[PDB]
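Have a look at the structure below, then the notes.
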Amino acid sequence: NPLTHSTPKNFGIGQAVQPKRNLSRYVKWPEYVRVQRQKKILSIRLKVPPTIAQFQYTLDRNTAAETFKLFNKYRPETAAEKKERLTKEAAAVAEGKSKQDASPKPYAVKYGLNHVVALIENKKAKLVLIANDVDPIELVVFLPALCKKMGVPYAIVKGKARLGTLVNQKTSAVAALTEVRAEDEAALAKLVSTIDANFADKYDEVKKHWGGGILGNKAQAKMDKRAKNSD
Amino acid sequence: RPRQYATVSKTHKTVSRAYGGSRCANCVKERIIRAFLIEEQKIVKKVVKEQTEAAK
Amino acid sequence: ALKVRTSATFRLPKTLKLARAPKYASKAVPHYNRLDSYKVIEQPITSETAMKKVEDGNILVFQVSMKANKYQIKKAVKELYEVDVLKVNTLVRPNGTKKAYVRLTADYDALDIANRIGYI
Amino acid sequence: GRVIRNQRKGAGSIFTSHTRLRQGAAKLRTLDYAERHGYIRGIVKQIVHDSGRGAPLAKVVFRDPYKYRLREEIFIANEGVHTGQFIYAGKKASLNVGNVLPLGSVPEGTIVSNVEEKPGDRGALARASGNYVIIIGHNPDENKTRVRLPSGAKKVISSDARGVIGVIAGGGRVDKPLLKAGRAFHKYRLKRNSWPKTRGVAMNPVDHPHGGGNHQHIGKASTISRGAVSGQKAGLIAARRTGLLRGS
RNA sequence: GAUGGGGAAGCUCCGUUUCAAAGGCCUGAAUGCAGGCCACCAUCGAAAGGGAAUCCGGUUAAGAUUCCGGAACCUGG
RNA sequence: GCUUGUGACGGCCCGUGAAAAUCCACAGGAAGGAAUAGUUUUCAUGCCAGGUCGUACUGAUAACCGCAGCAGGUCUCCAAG
RNA sequence: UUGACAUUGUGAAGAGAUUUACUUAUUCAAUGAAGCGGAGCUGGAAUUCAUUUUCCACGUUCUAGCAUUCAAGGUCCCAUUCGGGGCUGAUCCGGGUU
Ligand SMILES: NC[C@@H]1O[C@H](O[C@H]2[C@@H](O)[C@H](O[C@@H]3[C@@H](O)[C@H](N)C[C@H](N)[C@H]3O[C@H]3O[C@H](CO)[C@@H](O)[C@H](O)[C@H]3N)O[C@@H]2CO)[C@H](N)[C@@H](O)[C@@H]1O
Ligand SMILES: NC[C@@H]1O[C@H](O[C@H]2[C@@H](O)[C@H](O[C@@H]3[C@@H](O)[C@H](N)C[C@H](N)[C@H]3O[C@H]3O[C@H](CO)[C@@H](O)[C@H](O)[C@H]3N)O[C@@H]2CO)[C@H](N)[C@@H](O)[C@@H]1O
Ligand SMILES: NC[C@@H]1O[C@H](O[C@H]2[C@@H](O)[C@H](O[C@@H]3[C@@H](O)[C@H](N)C[C@H](N)[C@H]3O[C@H]3O[C@H](CO)[C@@H](O)[C@H](O)[C@H]3N)O[C@@H]2CO)[C@H](N)[C@@H](O)[C@@H]1O
Ligand SMILES: [Mg+2]
Ligand SMILES: [Mg+2]
Ligand SMILES: [Mg+2]
Ligand SMILES: [Mg+2]
Ligand SMILES: [Mg+2]
Ligand SMILES: [Mg+2]
Ligand SMILES: [Mg+2]
Ligand SMILES: [Mg+2]
Ligand SMILES: [Mg+2]
Ligand SMILES: [Mg+2]
Ligand SMILES: [Mg+2]
Ligand SMILES: [Mg+2]
Ligand SMILES: [Mg+2]
Ligand SMILES: [Mg+2]
Ligand SMILES: [Mg+2]
Ligand SMILES: [Mg+2]
Ligand SMILES: [Mg+2]
Ligand SMILES: [Mg+2]
Ligand SMILES: [Mg+2]
Ligand SMILES: [Mg+2]
Ligand SMILES: [Mg+2]
Ligand SMILES: [Mg+2]
Ligand SMILES: [Mg+2]
Ligand SMILES: [Mg+2]
Ligand SMILES: [Mg+2]
Ligand SMILES: [Mg+2]
Ligand SMILES: [Mg+2]
Ligand SMILES: [Mg+2]
Ligand SMILES: [Mg+2]
Ligand SMILES: [Mg+2]
Ligand SMILES: [Mg+2]
Ligand SMILES: [Mg+2]
Ligand SMILES: [Mg+2]
Ligand SMILES: [Mg+2]
Ligand SMILES: [Mg+2]
Ligand SMILES: [Mg+2]
Ligand SMILES: [Mg+2]
Ligand SMILES: [Mg+2]
């Protein structure tokens, strides 16, 4: 107010040193940063074979977080949870109670790879959760072709580390349960039939179709404005 | 000699004017003038090119 | 979300740089003071020439540790013989031993303190 | 045999360029937002002589677009460029001696120097004293000019590549006879040690294929193949033809 | 001539700002957090190159622009 | 007049004739700033201290190299009638 | 030096009893990896199926000045003694540095 003036800078070629701007796209990034971004793009380009590209079909957080909520009440025995069941029942049953009958039968989410596979081979499990992010990817990709042939309904899910927190660890890869609770028989077969929708029965369609492509930004707007506009 | 200038009073190392050391006299005199003439002619050029902006 | 990168030049983020908690020392016991005052000034130089400098120049000529600089000398010359040291000039004799020319201030007599150390 | 003289040069050592008293490298301004879209102004602060180069250099200050500092550039003075003049640099820049422009941005017939072979390499062609390249035509497709180089061969480069308007100073320098051994001595004292040159036909057979003696003669064809091997290549190397031509 | 590095079976070779996350200042809140700028760059390489600053007189068998007497100056507090 | 330094200049080049440490200066205006006082340590004066290695002598028809106290070889300063 | 095989992926025509698609491997160049790629703002003519209808512009050129303090101005919050924060100033969208 008029002890002052309004003095706009010209901010244009030949004058007025440019203002600070967000160069976040232009930054020369550390090498390790470069690769992890560029390893994506490389896999985004090319052509993904079907059995690799059969992933990236994931569970929407709707079905996901509800499936997870079922699994989440089944958490396997934990650190202090094993102190009770052991030092009590291994005491109260020492010379006294019945062998293996002194503690209740458990229900848990049954984790580990050669664990989970052996089950799926022997038809002892119902719901399988195979995470999308596993390097190597060979640790998994055989299962969606195996889980179909063995008739066990399976779900490709987000969160290799998300399935882990369910099981007490940092990371999981496969997480699959077996028995459940007599009351929860509803939700499971509700999950099974709605999970058979995306990847169980629709899976044989996923195979025939491949993946890949994705010209990416600057090449996209080049091909669109070429063929689809004028050329 | 160069480092002897840190042993000497500032009324040596300069004289009283804009650019006391550095540029000399007629060059600081010519400095002032040439600034003023372009600053004026700036204003003139803004307006003469803002008037052929207006009436057309 | 995002972040405002004002510069495109990336730099290494700063990090705590914890101090050191050894858990077993290094040395058993610290070394006792090597080059103490009874080391520094080694021995008098009694030659007839340096002697003439005592009774005239008011200077005490001493062989000294080759490892002892002009400070250590002056500190150890004061401490041992209890005198004020004006100035100190050190050379290294041909044989590889340091000779110190230690001048006593006006408050003292170098010849007195000389044969107070018992050479004259 | 021995290792002939022309092999020993690739090892550096004696044969490296004498660089001490030179100015910096002579390079254009970096190709940036400024020159690519608009233009930019800078004063040529001084021209000046660069050792072992017969083509005076012009030192052009600029103001840093992205920070408050001065940025000095080393340009090859174009004959008529002068201390105090304002050099303008970019695609929007005018057509005047001393200005650097994209090549497609000039009409054909325009003559230019220090011209980039590919955009933003900060100049290659026609840097020597008294050299220029004439734009002989343009293209709608693929940002191509086409130009005739001082050697006379025409080369098609990118219309985004730059060049400075004019022909380098240093005039007719090679008209004046060297006149003296010493004048050629100081010529190369500031360049590189190729001088003087002992004739291979004057050496012993160990030192040079020519070096056969008992008379002074080369003894076998002085025209060597292209597929020839290092140590055999001396004389007329790929020579298409030989002898006095008189070809205008 | 080290260093990310890239060669070479290897002794080692190339490289000196390079296809690297390459830091170290001044301030307040006795010392960490909050300020904040600034950041292409180990080191070795001159007793004739660059360079902070001393002179005279006296003195020894043998040292002195070094000691002594007197008069100064420079850097750092 | 000799040596030598400096001032002002003239000529020579297809030769136009080091670098870095270091030092002062300018532009800028972030900032702190007075009245019974607060300001400045580029003005004067006053206080204290300055480590380490070298330092002798020859430097040549005898002190270096050339088997040697060798008519050889080995960079430089001062220069009376 | 020439051929082959392997690094070696994705496409299209048109030919025998060979021309040219695409970018992600690899190869070169520049930078203190600043302004790329698409869309939109405003100004003029395109003009009458009076609109989606495309083109064009969209910060610096008498001068050997000056150009730096997260920006002045404007527009919001805080109790603001004095400074202090958000957005504008400087369009948006992609993070493919060119
Ligand atoms: N190759 C050396 C080059 O020197 C250049 O530097 C140029 C100048 O900056 C430098 O000038 C120096 C100056 O630095 C120094 N502080 C003072 C000195 N009198 C000047 O010297 C120069 O100018 C004077 C006067 O015009 C002449 O008498 C002298 O011959 C000339 N060399 O001398 C060069 C010009 O002769 C650049 N630093 C660079 O291109 C490169 O290092
Ligand atoms: N003196 C100025 C001119 O010099 C040139 O004459 C010289 C050259 O033309 C001729 O060829 C010389 C060659 O001998 C010498 N060894 C090297 C020199 N580069 C050559 O020059 C030659 O090659 C250069 C590129 O290198 C070309 O640009 C040039 O057209 C060509 N004549 O050698 C002549 C001298 O011996 C002009 N042709 C002539 O008309 C005129 O005298
Ligand atoms: N240069 C201005 C004048 O210099 C005169 O003195 C100068 C001359 O005596 C002498 O200058 C010579 C000059 O005579 C002769 N005709 C040309 C020569 N280039 C100059 O030399 C000078 O410049 C060259 C660069 O070219 C520098 O490398 C050199 O160090 C410098 N002395 O060196 C002095 C310093 O430049 C006087 N001081 C006076 O007349 C005036 O100040
Ligand atoms: Mg298919
Ligand atoms: Mg003055
Ligand atoms: Mg000493
Ligand atoms: Mg002795
Ligand atoms: Mg040989
Ligand atoms: Mg060189
Ligand atoms: Mg020679
Ligand atoms: Mg010849
Ligand atoms: Mg010859
Ligand atoms: Mg012969
Ligand atoms: Mg031969
Ligand atoms: Mg012969
Ligand atoms: Mg012969
Ligand atoms: Mg003969
Ligand atoms: Mg002959
Ligand atoms: Mg002949
Ligand atoms: Mg032959
Ligand atoms: Mg090395
Ligand atoms: Mg590199
Ligand atoms: Mg700390
Ligand atoms: Mg020196
Ligand atoms: Mg003597
Ligand atoms: Mg004295
Ligand atoms: Mg006389
Ligand atoms: Mg020279
Ligand atoms: Mg000064
Ligand atoms: Mg000032
Ligand atoms: Mg001496
Ligand atoms: Mg001596
Ligand atoms: Mg002598
Ligand atoms: Mg002799
Ligand atoms: Mg001898
Ligand atoms: Mg003789
Ligand atoms: Mg002799
Ligand atoms: Mg001689
Ligand atoms: Mg081959
Ligand atoms: Mg082939
Ligand atoms: Mg092939």
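In the structure tokens, the first chain shown is A, the next is B, and so on; residue numbers restart at 1 for each chain, and ligands run from 1 in the order shown.
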
- Task: Per DSSP on the backbone, filter segment 125-229 of chain A down to the residues in strand (DSSP E) and report them as number ranges by chain.
- Result: A: 127-131, 154-157, 175-177

Based on the selection just made, write C-alpha atoms of those residues as a CSV table (one decimal), in the first residue's frame.
chain,number,residue,atom,x,y,z
A,127,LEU,CA,-7.3,-70.5,-0.4
A,128,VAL,CA,-3.8,-69.6,-1.6
A,129,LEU,CA,-2.3,-66.1,-1.7
A,130,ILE,CA,0.6,-65.7,-4.2
A,131,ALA,CA,2.2,-62.2,-4.1
A,154,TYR,CA,-5.8,-69.2,-5.6
A,155,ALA,CA,-5.4,-65.5,-5.5
A,156,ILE,CA,-2.7,-63.3,-6.9
A,157,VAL,CA,-2.4,-60.5,-4.3
A,175,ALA,CA,0.2,-67.4,2.4
A,176,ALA,CA,-2.5,-70.1,2.4
A,177,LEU,CA,-4.9,-71.6,5.0

Using only C-alpha atoms (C1' of nucleotides) and all ligand atoms, which protein or nucleic acid residues are at most 12 Å from ligand 34, as a PDB file with C-alpha atoms (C1' of nucleotides), in the first residue's frame?
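Result went into part34.pdb, see below:
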ATOM      1  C1'   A F  60      88.691 -26.619  -8.129  1.00  0.00           C
ATOM      2  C1'   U F  61      96.247 -26.885 -12.433  1.00  0.00           C
ATOM      3  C1'   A F  62      94.623 -30.356  -4.667  1.00  0.00           C
ATOM      4  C1'   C F  64      83.207 -32.525  -7.228  1.00  0.00           C
ATOM      5  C1'   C F  65      83.660 -36.103 -11.841  1.00  0.00           C
ATOM      6  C1'   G F  66      87.639 -38.346 -14.733  1.00  0.00           C
ATOM      7  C1'   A F  68      95.304 -39.843  -8.611  1.00  0.00           C
ATOM      8  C1'   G F  69      97.173 -33.763  -5.240  1.00  0.00           C
ATOM      9  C1'   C F  70      95.224 -35.971 -13.597  1.00  0.00           C
ATOM     10  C1'   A F  71      97.607 -29.552 -18.501  1.00  0.00           C
ATOM     11  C1'   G F  72      90.520 -32.722 -19.145  1.00  0.00           C
ATOM     12  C1'   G F  73      85.261 -31.846 -17.661  1.00  0.00           C
ATOM     13  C1'   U F  74      81.480 -28.865 -14.312  1.00  0.00           C
TER      14        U F  74
END

Sort by chain and increasing residue number a table of all residues of chain G within 10 Å of chain C, each with its closest pair of atoms and their distance in Å to one decimal, counting only C-alpha atoms (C1' of nucleotides), and write it as CSV.
residue,atom,partner,partner_atom,distance
G:32,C1',C:9,CA,7.3
G:33,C1',C:8,CA,7.1
G:34,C1',C:8,CA,8.4
G:95,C1',C:2,CA,9.9
G:97,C1',C:8,CA,9.0

- Message: I'd like the interatomic distance between atom CA of residue 17 of chain A and atom CA of residue 5 of chain C, to a tenth of an Å.
- Response: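 Between atom CA of residue 17 of chain A and atom CA of residue 5 of chain C the gap works out to 17.9 Å.
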
- Item | ligand 15 neighbours within 9 Å using only C-alpha atoms (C1' of nucleotides) and all ligand atoms, as a list in words |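 Using only C-alpha atoms (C1' of nucleotides) and all ligand atoms, everything at most 9 Å from ligand 15 comes to residues 200, 201, 202, 203, 204, 205, 208, 209, 210, 211, 212, 213, 214, 215, 216, 217, 218, 219 and 220 of chain D.
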
- Compute the chain F side of the contact with chain B at 6 Å, counting only C-alpha atoms (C1' of nucleotides), and hand it back as a PyMOL selection string. chain F and resi 23-26+42

- Task: Kindly give the distance, in Å, that separates atom CA of residue 83 of chain C and atom CA of residue 97 of chain C, rounded to a single decimal.
- Result: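 That distance, rounded to one decimal, is 23.9 Å.
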
- Message: Show me which residues are within 10 Å of ligand 31 counting only C-alpha atoms (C1' of nucleotides) and all ligand atoms, and format the list as a PyMOL selection string.
- Response: (chain E and resi 63-64+66) or (chain F and resi 55-56)

- Message: Taking 4 positions as the minimum chain separation for residues in the same chain, which residues sit within 12 Å of residue 38 of chain E when counting only C-alpha atoms (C1' of nucleotides)? Answer as a ChimeraX atom specification.
- Response: /E:23-26

What would the file look like if the residues just selected were written as a PDB file, in the first residue's frame with C-alpha atoms (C1' of nucleotides)?
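Saved as part.pdb:
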ATOM      1  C1'   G E  23      31.358 -32.004   1.325  1.00  0.00           C
ATOM      2  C1'   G E  24      32.978 -28.057   4.989  1.00  0.00           C
ATOM      3  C1'   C E  25      32.280 -23.487   6.181  1.00  0.00           C
ATOM      4  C1'   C E  26      29.888 -19.073   9.199  1.00  0.00           C
TER       5        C E  26
END

- Write down as a PyMOL selection string the residues of chain B whose backbone DSSP state falls under alpha helix (DSSP H). chain B and resi 10-13+26-54

- Query: Counting only C-alpha atoms (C1' of nucleotides), which residues from chain E have an atom at most 10 Å from any atom of chain A, and could you show them as a PyMOL selection string?
  - Reply: chain E and resi 19-21

Store the residues picked out above in a file with N, CA and C atoms (P, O5', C5', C4', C3', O3' and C1' of nucleotides), as a PDB file, in the first residue's frame.
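Contents of the output file out_8.pdb:
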ATOM      1  P     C E  19      31.888 -39.698 -18.212  1.00  0.00           P
ATOM      2  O5'   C E  19      31.697 -41.138 -17.537  1.00  0.00           O
ATOM      3  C5'   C E  19      31.384 -41.287 -16.150  1.00  0.00           C
ATOM      4  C4'   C E  19      29.901 -41.456 -15.925  1.00  0.00           C
ATOM      5  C3'   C E  19      29.522 -42.286 -14.705  1.00  0.00           C
ATOM      6  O3'   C E  19      28.325 -41.775 -14.115  1.00  0.00           O
ATOM      7  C1'   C E  19      28.786 -43.382 -16.701  1.00  0.00           C
ATOM      8  P     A E  20      28.431 -40.660 -12.959  1.00  0.00           P
ATOM      9  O5'   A E  20      28.112 -41.459 -11.616  1.00  0.00           O
ATOM     10  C5'   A E  20      28.831 -42.638 -11.270  1.00  0.00           C
ATOM     11  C4'   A E  20      28.758 -42.917  -9.792  1.00  0.00           C
ATOM     12  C3'   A E  20      28.035 -41.853  -8.963  1.00  0.00           C
ATOM     13  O3'   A E  20      27.424 -42.484  -7.833  1.00  0.00           O
ATOM     14  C1'   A E  20      30.241 -42.054  -8.205  1.00  0.00           C
ATOM     15  P     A E  21      25.825 -42.514  -7.663  1.00  0.00           P
ATOM     16  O5'   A E  21      25.562 -41.556  -6.421  1.00  0.00           O
ATOM     17  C5'   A E  21      25.883 -40.171  -6.482  1.00  0.00           C
ATOM     18  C4'   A E  21      25.620 -39.493  -5.165  1.00  0.00           C
ATOM     19  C3'   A E  21      26.749 -39.598  -4.147  1.00  0.00           C
ATOM     20  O3'   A E  21      26.744 -38.437  -3.318  1.00  0.00           O
ATOM     21  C1'   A E  21      24.828 -40.696  -3.309  1.00  0.00           C
TER      22        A E  21
END
